[PDB]
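This report concerns only the one structure given below.
In PDB author numbering, the protein residues as written are 226 to 363, 365 to 405, 414 to 449, 451, 454 to 531.
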């Protein structure tokens, strides 16, 4: 058997099709079994329209061996484009076994696996082309977002979106997202997001009340500060050029949004700013974006 033929055949039973149908709509994607009780990780845009209109959409999981089972949304995170589904009382699930994306290196051979039975399903091959790659994602009413992504030249498309990025040990190192190089959500962020979605149905991320644009002191240029925000109270002014957030240099608006999410909620953090030719450090305490779940 081929080298990638073996790795793909060993993870196929862990990748499923995710189908969502209404009176006049249809959207399909892939998912991966991360827990033996029936927990499936997919990306948030695969299910977004079903989550927004659940009274009309029917969500279904289809396994490798043909079986078709209804599924429920446990939780979802548009900020990391992730979601958790649950199938009930299905036995002998081949659980995917999860790697460590911090141990991933540029040049590592990978496979972006889509659901073996999906309509337009794909399985592509490439290498890791970049790590911690901030990438913007923009198909429903959710927020646009940015993620620190694993970048690969394995093609990511409708057919393998939501399925796993797999290393040569048949371990999951990421979740493919199509929302011509590819991008995956690293598996360590997926464990954190999925771990907290399973228990609480929600995660909470820090927020500053800032929206930026990319700057020739380059960085993220403050376009608007929300009233009452942490940026408000910390001293951020509009047209500030943010160059550091916490311990992360900020090259543009994409890295800014990613850098904000790595911060601690309720702890003081320095924002280093280029203001009218000067450098100014400001202290900002991030609020939780979901204060009732915080």
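Ideal Cβ positions, reconstructed from N, Cα and C, are used throughout, including at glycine.
Through-space distance from residue j to residue i, alpha-carbon basis
{"i": "residue 293", "j": "residue 284", "result": "11 angstroms"}
{"i": "residue 442", "j": "residue 417", "result": "26 angstroms"}
{"i": "residue 326", "j": "residue 523", "result": "27 angstroms"}
{"i": "residue 469", "j": "residue 372", "result": "23 angstroms"}
{"i": "residue 507", "j": "residue 297", "result": "41 angstroms"}
{"i": "residue 333", "j": "residue 248", "result": "44 angstroms"}
{"i": "residue 404", "j": "residue 251", "result": "17 angstroms"}
{"i": "residue 476", "j": "residue 378", "result": "35 angstroms"}
{"i": "residue 245", "j": "residue 275", "result": "7 angstroms"}
{"i": "residue 415", "j": "residue 380", "result": "7 angstroms"}
{"i": "residue 516", "j": "residue 386", "result": "45 angstroms"}
{"i": "residue 309", "j": "residue 433", "result": "11 angstroms"}
{"i": "residue 493", "j": "residue 368", "result": "19 angstroms"}
{"i": "residue 277", "j": "residue 342", "result": "26 angstroms"}
{"i": "residue 279", "j": "residue 518", "result": "46 angstroms"}
{"i": "residue 318", "j": "residue 263", "result": "7 angstroms"}
{"i": "residue 365", "j": "residue 273", "result": "7 angstroms"}
Residue i, buried or exposed, once every other Cβ within 10 Å from all chains shown has been counted against 16
{"i": "residue 281", "result": "exposed"}
{"i": "residue 303", "result": "buried"}
{"i": "residue 313", "result": "exposed"}
{"i": "residue 504", "result": "exposed"}
{"i": "residue 531", "result": "exposed"}
{"i": "residue 346", "result": "buried"}
{"i": "residue 375", "result": "buried"}
{"i": "residue 428", "result": "buried"}
Cβ separation of residue i and residue j, assumed to be a contact under 8 angstroms, to the nearest whole Å
{"i": "residue 258", "j": "residue 321", "result": "6 angstroms"}
{"i": "residue 450", "j": "residue 473", "result": "Along the chain, the last residue before the gap is 449 and the first after it is 451, so residue 450 carries no coordinates."}
{"i": "residue 268", "j": "residue 401", "result": "6 angstroms"}
{"i": "residue 500", "j": "residue 440", "result": "5 angstroms"}
{"i": "residue 336", "j": "residue 348", "result": "6 angstroms"}
{"i": "residue 338", "j": "residue 271", "result": "Their Cβ separation, rounded to whole angstroms, is 15 angstroms, which puts residue 338 and residue 271 out of contact at 8 angstroms."}
{"i": "residue 394", "j": "residue 236", "result": "No, residue 394 and residue 236 are not in contact; Cβ-Cβ is about 12 angstroms, not under 8 angstroms."}
Should the segment 325-339 be called in touch with the segment 461-474, which here means at least 3 C-beta pairs below 8 angstroms? In this structure the segment 325-339 does not lie against the segment 461-474, because fewer than three pairs of beta carbons, one per stretch, are closer than 8 angstroms.
Residue ranges of each beta strand (DSSP E) within the segment 260-332, 3 or longer: Fully enclosed beta strand (DSSP E) runs of 3 or longer: 264-267, 283-287, 293-295, 297-302, 307-311.
For the pair the segment 345-362 and the segment 424-435, tell me if three or more CB-CB distances fall below 8 angstroms. Three or more Cβ pairs closer than 8 angstroms define a contact, and the segment 345-362 falls short of that threshold against the segment 424-435.
Please give the ranges of any alpha helix (DSSP H) in the segment 473-520, keeping only runs that are unbroken, at least 4 residues long and fully inside the region. As far as the segment 473-520 is concerned, its whole alpha helix (DSSP H) runs of at least 4 residues are 490-498.
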